[PDB]
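Each remark here refers to the structure printed beneath this line.
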Amino acid sequence: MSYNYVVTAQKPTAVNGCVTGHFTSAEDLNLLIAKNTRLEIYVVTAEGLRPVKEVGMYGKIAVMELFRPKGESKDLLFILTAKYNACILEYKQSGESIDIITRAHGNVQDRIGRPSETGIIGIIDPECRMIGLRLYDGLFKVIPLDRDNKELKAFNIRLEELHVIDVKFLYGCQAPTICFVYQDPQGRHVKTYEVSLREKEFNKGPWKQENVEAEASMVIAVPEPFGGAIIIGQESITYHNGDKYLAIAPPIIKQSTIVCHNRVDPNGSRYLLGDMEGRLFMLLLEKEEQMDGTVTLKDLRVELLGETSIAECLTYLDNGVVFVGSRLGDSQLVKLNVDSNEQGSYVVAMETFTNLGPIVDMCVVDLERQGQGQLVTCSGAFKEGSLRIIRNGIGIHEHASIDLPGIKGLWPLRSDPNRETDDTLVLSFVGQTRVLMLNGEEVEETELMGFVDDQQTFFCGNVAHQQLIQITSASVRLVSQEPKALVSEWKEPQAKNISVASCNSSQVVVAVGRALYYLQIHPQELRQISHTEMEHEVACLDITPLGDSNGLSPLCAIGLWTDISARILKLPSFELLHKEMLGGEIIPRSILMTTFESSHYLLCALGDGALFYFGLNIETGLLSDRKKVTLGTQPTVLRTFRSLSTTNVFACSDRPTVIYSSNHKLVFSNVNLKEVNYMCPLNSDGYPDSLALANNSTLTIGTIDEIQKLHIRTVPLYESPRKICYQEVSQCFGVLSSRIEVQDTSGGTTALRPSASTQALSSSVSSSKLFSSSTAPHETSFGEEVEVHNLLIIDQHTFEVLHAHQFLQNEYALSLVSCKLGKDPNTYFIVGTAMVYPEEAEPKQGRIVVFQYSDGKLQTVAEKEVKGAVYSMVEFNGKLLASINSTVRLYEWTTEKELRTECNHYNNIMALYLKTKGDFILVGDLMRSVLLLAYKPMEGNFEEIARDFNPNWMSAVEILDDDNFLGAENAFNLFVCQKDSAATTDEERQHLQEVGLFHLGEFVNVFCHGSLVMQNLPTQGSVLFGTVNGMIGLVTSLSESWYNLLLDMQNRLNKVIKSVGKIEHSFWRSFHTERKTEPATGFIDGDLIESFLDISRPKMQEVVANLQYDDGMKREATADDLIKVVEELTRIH
Amino acid sequence: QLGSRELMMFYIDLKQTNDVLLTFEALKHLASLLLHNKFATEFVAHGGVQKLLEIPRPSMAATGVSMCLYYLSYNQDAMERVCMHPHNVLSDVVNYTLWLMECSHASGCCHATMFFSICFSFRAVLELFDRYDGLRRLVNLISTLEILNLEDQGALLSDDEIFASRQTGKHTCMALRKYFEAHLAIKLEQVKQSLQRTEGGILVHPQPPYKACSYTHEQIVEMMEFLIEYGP
């Protein structure tokens, strides 16, 4: 059968609900952002945000809210998943042990019932006595909050009112009560009730509110001083407290729907409000101290505060700092002023957060012809539309080009004492020596000192006493303010050549054979203190600036010839701290001593491509177990440096990596360089504090940005991108986009903001009005936000918008391919468009227009009016395949710049998708399924090979390997269909079989081929996908032996890692439509298997049971080889 | 694969002394293959129509030619390729099909009337139609009919001259339908461009052969009857 493997490339970024409170400790405000399945726990600091613990849960977090029950100083957290699995959590901290403990759980679902229309609503009572839920459209589930629930009990008190819009608990009124916004069959109103837990029944409610605004959307309960409710509607704001009432319809809240809210002040004095256009408001309340104890409301003010991203979270933290969370792109943290700016806004922009948004199209593309590909994702929405470019590794691309191959080292020379100004360098060959200057990206050679212009150098540092160390043949000396005579040439009393020396700012370490020297740097004095000898000759030497910014290092690096040396010394006095000798002909480029912000590690760069994990305490001398990491076939170098700050660590190897961080974790990430041997701390005039890199190739003065796996670059367009294609011959993208415009009375239309559609280098307009006979575009009354689409053609390297092309009025564009058709040697753009009209069913108009971009000018070559909307296009064997309102229409490019229909297919509900490989055609229907359609070229027509019958609502399809077909579903699921083999009749071969089911709890928009890692010429193939929460993952094909290897590991791993919430992983990944709950099969959930790397060995040994291992042969499972399997998978991603 | 195109090219008369009978029993084979466009395109592309337009006019094999020309124009747009040629090709088509409707072999009207019901989409067909006698040949077919001659309707009573004659009047009403459904859109172009004159119109007209009969009596052939009331 088909066996596949699913991991997560990019963790989901778009946010869903944000709650503040005191979840970590008693007296510390924090923020609890849930995004799709992750639960991030930040903390509110004076500088911004600071993460504490990120927890991934098994389910979509739909409703979360903090609550402090009476009897706990800290608070608790309720989370309800999308599969109705409720949990109650508690943070618990003990030293480095930071754990989340589920206090109660239990699935709460009814057997029968329509789910919802307004989604899932959950409200906590203010007195912390019950937990309400709106789940199944005619019920109100009540969870009685007490210590009695070791598992959560549940009531179902019947709502007599069916279609409830919003619901809250009102504040302190001596009895827990409920507000509604109920849509009557004739009108709509706001009713109340009162829950009796002891009697499971509604008592009498105190408010009536027989008719409220016809588009009332939310309830905002106001607190304990002057309790009540505010009913925000589309056009007006009300207030009710049983007797009194106010109402405003201010002219600010007219053009956008209020969607989010929060309570700014603790006595309800202020309220922020966001909308669907970007605006933040502030609903001020005028507190009227009417009597000696009476607090009543007096006035309702609405103040515009400015434009942010389109919010779905809204949380006020402290000190005028508001967090804005955006599903639709670029969640940002903002600051509210007191006075105003030049535009009247109080919103100060602070640090943002990158969101891949709703990805709607992708393309895997390479722009440096390397083995590593880039991924351009059409991210965002209405004004947050932006292309985002995703790369692995570390992008050192601003680098100077210097022709110095195979150089051993470049060491500084200065005369300015307090500055880095005028730093000259040292050229040190083996047998030759020169002096280098730096003109930024260019170099010059001269003669400056006169000491080392005759013999080579190896190590020349920067002494903190404003001096320098010169190591020439067998002696060291200090350096004055650029002299020509020695300060103090301390000779060696052996008359032997130095094998390997080293230097620092306060100490000199020279190895001559086995004798190891020490110099105490006094001002213009080199005093001898200590000395030691090794049992073999010394291979190399390394000095690291460990502490106090003086150069003092209490530890040493010992490497010996033809023997792995783990000998550890006290480098000033040379006291033996630990003595370990491994053995072997492999030589280490000795030791990198760098603390990765939590523990000091020893990093041994072994020869001919090997790497060990050594961990050392700096005061005792205890080492942990070792671990082999493959690097290459050559001896490697492990260094650290200062790029701009934060003490970055680099691995100079044949597989060059940055060791220092990967989302604050010791995980390697590559660079965009083929091979790195050495590094050089230069002082470039065009690159501040950067370093040059010596290789078997050129020298690259480069710096390193924020270190992460998936480096993301944002090209904003300020309009929603539709699709993305790519020209290989021409160097230009192609982006269909969407601009919102309102209609003018005198003029035609007008836009709302200067997006990157109008602001281009050239524009054009659609002509040849071939839809002129239709009287369907009737005149509209107001400018009620029509859409105008165009074709953005974006530059390759600068990403400037080269050209746009406006289409006809009310003409959407739904498909984009750029291929070659026929023997015409041009390479075109083909845009499949359609004519839309509101107050209308499916459209039957539209056209397909072939564009070309000869020499910076977009040209309309051909056009073909087709009755029906053109949903998806693919190239098919030199022919353009289309998909036009449940009809699959194959074309053929004639010589006379037109098209002739070759064939058609009609057994389709709505043919929305097309995917091809060779001569087979994959069609994704609206309601039915995967559909496989042949093409017999000798017959001139199509042919139905097979068809799946099970009604799955498609989202995205992709052919895997010409036997297995992957599809996506609206029910957030994945499945593989298979063309059948035992074709004993014609009925058993027209029925596709569903082989494999899986709940990837996320909506898949895109599929594409292409890996993101280097082609080093395992698994087979690589399919990435693009979703609505910014979750990129990889789907690839396994081998049938490793399927049973890994699937046996999952069922062992499903008893070790206790997931947060006590949710069975078999229960979450189960295929769950509205009617089927078949358990998940066929796929391998790699994100659980990748978590085996984090488990400790006293628990990994219980993972390794009496199991199997295939190295045809047979062997019991062991620890060190199963962890080798995961790292072979982790290098895919 | 086996060259059934080329063999059926051979079996029709090319300056040859065959029988009438084999050729007529071959054209029926030719018409059944012409339903596939892939056969029908390359039949036009090697010029099979000019081969087919060489038959002597009094012939029992003319009925098969009347079948093939209707099956040529039925589903495939091979007739789109019949437009641009050595000039007299359609001038051979219009001169042929208007005769074999007129001479009225007993099923010769059953196809040549169905031929123009589809071929009135192409405007070059209609232009040559009025260049010949046209409705003088077409309305005279209805005014010949004996179901309609009330003075002679009680003379012939057998089912052969009634079931076919109540079918002959059926197809000619559809031929008059698809005639005036086309000229309604011809003269609407000569009103939306002659009276508007850039006020709601674009003056681009290189005279292409284009199917513009608007094809919808439910919506837009109905709608053209309303919009003509802003006429002259």
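By order of appearance in the structure tokens: chains A, B, ..., then residues from 1 within every chain, and ligands from 1 in the order shown.
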Exercise answer, chain B residues close to chain A, 8 Å and only C-alpha atoms, as a PyMOL selection string: chain B and resi 38+201-202+204
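Taking only C-alpha atoms into account, residue 651 of chain A lies nearest to A:589 out of the set A:1065, A:589, A:867, A:711.
In this model, the gap between atom CA of residue 362 of chain A and atom CA of residue 757 of chain A comes to 20.1 Å.
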Spatial neighbours of segment 141-149 of chain B, max dist 8 Å, only C-alpha atoms, sep filter under 2 positions, as a PyMOL selection string: chain B and resi 102+137-139+151-153+162+165-166+169+172
9 Å contact set for residue 70 of chain B, only C-alpha atoms, chain neighbours under 4 positions out, as an MDAnalysis selection string: chainID B and resid 31 65:66 74 111:112 114:116 118
Residues from last step as file, C-alpha atoms, as a short mmCIF file (atom, residue, chain, number, x, y, z; two decimals), in the first residue's frame:
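Saved result, part-v8.cif, follows:
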data_model
loop_
_atom_site.label_atom_id
_atom_site.label_comp_id
_atom_site.auth_asym_id
_atom_site.auth_seq_id
_atom_site.Cartn_x
_atom_site.Cartn_y
_atom_site.Cartn_z
CA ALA B 31 -19.96 10.32 -43.29
CA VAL B 65 -22.80 14.25 -50.50
CA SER B 66 -25.83 15.82 -48.84
CA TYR B 74 -22.63 19.09 -37.36
CA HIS B 111 -30.37 17.37 -44.90
CA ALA B 112 -29.78 20.55 -46.90
CA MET B 114 -30.58 21.02 -41.61
CA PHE B 115 -27.28 22.17 -43.17
CA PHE B 116 -28.19 25.84 -43.21
CA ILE B 118 -26.14 25.35 -38.38
#
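Considering the residues A:558, A:374, A:282, A:12 and counting only C-alpha atoms, residue 389 of chain A has its shortest atom-to-atom contact with A:374.
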Within 10 Å of residue 544 of chain A using only C-alpha atoms, minus same-chain residues under 4 positions, as a ChimeraX atom specification: /A:503-504,551-557,591-594,639-641
Long-range neighbours of residue 496 of chain A as a ChimeraX atom specification, 10 Å cut-off, only C-alpha atoms, 5 positions minimum in chain: /A:473-475,512-513
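By only C-alpha atoms, and with residues fewer than 4 positions from residue 981 of chain A along its chain excluded, the set lying at most 12 Å from it is residues 1, 946, 963, 964, 985, 986, 988, 989, 990, 991, 992 and 993 of chain A.
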Kindly export the residues of the current selection with C-alpha atoms, as a CSV table (one decimal), in the first residue's frame.
chain,number,residue,atom,x,y,z
A,1,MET,CA,0.0,0.0,0.0
A,946,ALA,CA,-11.4,5.6,-12.4
A,963,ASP,CA,-0.2,5.5,-8.7
A,964,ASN,CA,-1.2,7.4,-5.5
A,985,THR,CA,-13.6,-6.7,-14.0
A,986,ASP,CA,-14.5,-3.3,-15.3
A,988,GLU,CA,-13.5,-3.1,-9.8
A,989,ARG,CA,-11.2,-0.9,-11.8
A,990,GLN,CA,-13.4,2.2,-12.1
A,991,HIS,CA,-13.5,2.6,-8.3
A,992,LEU,CA,-10.6,4.3,-6.6
A,993,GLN,CA,-9.7,3.0,-3.2
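Computed from the coordinates, the atom CA of residue 451 of chain A to atom CA of residue 408 of chain A distance equals 18.6 Å.
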Alpha helix (DSSP H) per DSSP on the backbone: members of segment 1024-1065 of chain A, as a ChimeraX atom specification: /A:1040-1053,1065
Minimum-distance residue to residue 318 of chain A, chosen among A:339, A:288, A:842, A:47 (using only C-alpha atoms):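 Answer, going by the shortest atom-to-atom distance: A:47.
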B:30, B:155, B:125, B:8 ranked by distance to residue 83 of chain B, top pick (using only C-alpha atoms):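 Going through B:30, B:155, B:125, B:8 one by one, the smallest distance to residue 83 of chain B is for B:125.
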Selected residue, from A:37, A:826, A:73, A:196, that lies nearest to residue 861 of chain A when counting only C-alpha atoms: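 Going through A:37, A:826, A:73, A:196 one by one, the smallest distance to residue 861 of chain A is for A:826.
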Residue nearest residue 225 of chain B - candidates B:69, B:188, B:44, B:203, atoms counted: only C-alpha atoms: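 Distance minimum relative to residue 225 of chain B lands on B:188.
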